[PDB]
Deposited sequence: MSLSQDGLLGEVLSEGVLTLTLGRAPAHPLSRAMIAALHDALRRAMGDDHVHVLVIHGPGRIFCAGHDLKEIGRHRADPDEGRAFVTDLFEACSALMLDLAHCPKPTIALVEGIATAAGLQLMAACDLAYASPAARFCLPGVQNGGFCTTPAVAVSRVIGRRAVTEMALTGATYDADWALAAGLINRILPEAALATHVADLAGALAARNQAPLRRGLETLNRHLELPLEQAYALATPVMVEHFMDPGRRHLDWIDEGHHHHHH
């Protein structure tokens, strides 16, 4: 269950299944279908992922399949395929967080390019308390915060506030909850209003070079910089 609304190039993905907004197998498929269509639609310029209320996203719902593995293997491989596609998405992805982002719910947020929270927003990786470990969510989280920060979240399973998240680089800015909706809408709207071709090529190049050494990064980046200056929309 997903709500989709397009307004001036901005596509807002409003996560259903209130209040926990769980990443069930059907939710992951719905989120991936919405993304495959968005990346192929010229009308969609920017993506906004909103999990409304008290909980941004609780992660996968602890549902029961017990016959024979095959379900959990399908679940995680599809979840990883979504998170990969979302982080490597050429078009800007923004997460609007008003509450708690836990487990795979923190991953969804961490996989977005930008993340804006209200002061009441809490962040967690609770695996150790449930007799597990958040291996897959720590992949996307480890890319946005320092090695000490992710190690403490994963090992202790504690809930962290918005202030710690701002200082760690988990979110971009903390805004009062009445201003959060407008801030994201204006920021996304302005992003949608710029010359698109250099934006997508620029974001794609940025993601690719962060996994390359300095020398190869400049080899990739330089011709991409020439192309921006040769663009008719400059």
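Against the full deposited sequence, the model leaves out several stretches, namely 1 to 7, 76 to 82, 249 to 263.
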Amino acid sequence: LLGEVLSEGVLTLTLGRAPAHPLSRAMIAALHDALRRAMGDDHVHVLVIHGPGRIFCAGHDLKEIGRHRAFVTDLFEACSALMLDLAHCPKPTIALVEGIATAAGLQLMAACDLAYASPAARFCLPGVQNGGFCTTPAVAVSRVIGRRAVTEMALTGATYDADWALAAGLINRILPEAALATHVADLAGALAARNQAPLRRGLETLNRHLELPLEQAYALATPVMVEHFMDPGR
From here on, numbers count along this sequence of modelled residues.
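Looking at 10 to 18 and 217 to 225 together, the entry lists the larger mean B-factor for 10 to 18, computed on C-alpha atoms. For the two regions 117 to 125 and 139 to 147, the entry's Cα B-factors average higher over 117 to 125.
As recorded in the PDB entry, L62 shows the highest C-alpha B-factor of the residues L62, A192, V48, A165. When the CA B factors of the chain's modelled residues are split into thirds, the value for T73 lands in the highest one. Sorting the modelled residues of the chain by their CA temperature factor places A158 in the middle third. In the deposited entry, the Cα temperature factor of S80 places it in the middle third of its chain's modelled residues. Sort the modelled residues of the chain by CA B factor and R208 lands in the lowest third.
Ranked within its chain, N130 lands in the highest third, by CA B factor from the PDB record.
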